[PDB]
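The next block holds one structure in the form of structure tokens; read it before the comments.
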Amino acid sequence: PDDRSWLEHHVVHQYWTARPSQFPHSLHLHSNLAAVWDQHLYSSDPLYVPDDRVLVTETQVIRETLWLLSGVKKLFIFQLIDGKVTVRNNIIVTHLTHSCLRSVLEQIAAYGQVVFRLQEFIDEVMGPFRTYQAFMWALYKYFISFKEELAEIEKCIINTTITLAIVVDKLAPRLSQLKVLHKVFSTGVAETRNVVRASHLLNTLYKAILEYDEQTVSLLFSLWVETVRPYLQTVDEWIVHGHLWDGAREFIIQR
Amino acid sequence: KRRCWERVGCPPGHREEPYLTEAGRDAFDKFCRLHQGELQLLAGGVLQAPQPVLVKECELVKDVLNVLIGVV
Amino acid sequence: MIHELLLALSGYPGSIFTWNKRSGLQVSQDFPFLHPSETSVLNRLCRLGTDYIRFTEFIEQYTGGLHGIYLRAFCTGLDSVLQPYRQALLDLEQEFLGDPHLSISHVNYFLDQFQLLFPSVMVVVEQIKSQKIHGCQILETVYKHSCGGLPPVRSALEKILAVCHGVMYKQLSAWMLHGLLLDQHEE
């Protein structure tokens, strides 16, 4: 009423409260698919209940997928159920009856799990090991340039709107590197002493450069130099200050 | 250029559904009433909260600049 | 329908067009807003998307099992030959912004050009999978088929062979400048 009527009739709140969709309709095919899709549901048995849930349009899902891939987490869709994000399937999207859409959002949430792991390694310091810290710094320098692109793309939805397929094919040269980052982080959390706990990640990083020796190996190189900063700093301290830096023996040489 | 996954085939087409953080400087008034209502429900009915809006950007700036001189 | 099919043609196994290891992308749901002769048309079309799924699976599966630096190059080339198919599906999507009354046979007709490239390059990957050819002889078994008879399959196998020669010439640069051998230990 008055204010709330304007809020419901020009924007959503049929997406966080179970209400019918206010996204405009007419009759027949794209307009209102409800009648013919109800007929298809009835003809092939809708089991014993017609398939009907809260219903949301595409653009809300588009900006949520870009928010999830961008770096922020815990959205309305891509709920974290036990430690890994997955699609909320109690929402209907009327065509495809959210079964093919479940597969495509399940792949996107599988990438969001990698995003969650990197942001989780980020979160365990902000809000020392001194080699993990230099690792998460170059990780930050990646993510600032990374979600810059997604913010630019999400601006173009507001200025007419652009479909989901274009924006998931737009982020391919970043997701191709995200698979490399997924294989990089796996031995960085897999682990006794603090020197082998850094050696396990750094030898994997040294080995992964030879795997791609395009655009991935340059990212691996710029990441790799910024994780051996404490070792070069410590070696230079051993030269000119005459003393090996001590961190409960972070360094390789027993001394 | 977006065709929804809700419905396919022969659209007339209609725009974006706007967002709620989209255009964040015109809907203060609706919610300053609504936050007042959520406060009044817990407070019994008389607590209130002045300034649901005022005034502009520039007039508020000129008054705040007059505060530092000494004019209240 | 004319985005759902285009989703099944790309790197998704659908559920409308059911992915099976005995018969990929079957249409069995006989839609009463499809014409019944489109079923055979979909049976013509779905072999192409099945091949696209298999090539997508081959890139997703192998980065051991089929290693060698040359098949890291081969999956790099296989992604490059699947890119213009993505471009063509984007062109179809823009066309359906233009005219949404076009039937499924128009879509099959538009993607009849890629039914000349994809079945001919499918057999090369099947020969690579069936026989133990994963080393520099993968460059051989591409080069036997890259001398072909159709300009699209010539271009696709050109891309794949090109990135494999790129790996080989970098390791020949280690041969001629550093004296280094077994850069990749044998093959």
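Ideal geometry is used to build each Cβ from the backbone, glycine not excepted, and the neighbour counts take in all protein chains shown. Please treat every number below as a calculation from the coordinates, not as lab data.
Descriptive notes on the structure:
- A single member of C:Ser15, C:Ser80, C:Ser10, C:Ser28 is among the small types (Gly, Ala, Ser), touching a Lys or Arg at 6+ places or on another chain (Cβ under 6 Å) and within 14 Å of chain A (Cβ to nearest Cβ), and it is C:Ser80.
- Residues that are assigned to a helix (DSSP H, G or I) and of a type in the set (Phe, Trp, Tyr) were ranked within segment A:209-255; the one that is farthest from the chain's Cα centre (by Cα) is A:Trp238.
- Number of the condition not met by C:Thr63 [criteria: (1) β-branched (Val, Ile, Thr); (2) more than 19 Å from A:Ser176 (Cα to Cα); (3) in a loop (DSSP other than H, G, I, E, B)]: (2)
- Selection within segment A:118-166 - of a type in the set (S, T, N, Q), surrounded by fewer than 18 Cβ atoms within 10 Å (Cβ to Cβ) and within 20 Å of A:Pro230 (Cα to Cα): A:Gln133
- Annotation: C:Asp99 fulfils all but one of (1) closer than 28 Å to B:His14 by Cα; (2) in contact with an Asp or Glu (Cβ under 8 Å, 6 or more places away or on another chain); the unmet one is (2).
- Remark: pairs (first residue in segment B:7-18, within 7 Å of chain A (Cβ to nearest Cβ); second residue among the polar types (S, T, N, Q) and in a loop (DSSP other than H, G, I, E, B); Cβ separation under 6 Å; 6+ apart in sequence or on different chains) = B:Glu16/A:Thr161; B:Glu17/A:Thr57.
- Filtered residues of segment C:174-187 (kept if over 20 Å from A:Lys207 (Cα atoms) and of a type in the set (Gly, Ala, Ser)): C:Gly179
- Residue in segment B:20-30 that is under 30 Å from A:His28 (Cα atoms) and within 7 Å of chain A (Cβ to nearest Cβ) present: yes
- If you go through segment A:1-30 and pick out every residue that is over 33 Å from the mean Cα position of the chain (by Cα), more than 18 Å from B:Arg33 (Cα to Cα) and small (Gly, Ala, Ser), you end up with 1.
- Qualifying residue in segment A:7-29 (condition: under 29 Å from A:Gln79 (Cα atoms), in contact with a helix residue (DSSP H, G or I) (Cβ under 7 Å, 6 or more places away or on another chain) and outside any loop (DSSP other than H, G, I, E, B)): yes
- Of the residues making up segment C:1-11, at least one is outside any loop (DSSP other than H, G, I, E, B) and within 19 Å of C:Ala156 (Cβ to Cβ).
- Counting only helices (runs of 4 or more DSSP H) that fall entirely inside segment C:103-187 and contain at least 2 residues that are in contact with a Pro (Cβ under 8 Å, 6 or more places away or on another chain) and under 24 Å from C:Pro84 (Cα atoms), the qualifying elements are C:114-130.
- Top-ranked residue of segment A:1-57 - restricted to ones that are away from chain B (no Cβ under 11 Å) and in contact with an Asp or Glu (Cβ under 7 Å, 6 or more places away or on another chain), ranked as surrounded by the most Cβ atoms within 10 Å (Cβ to Cβ): A:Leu41
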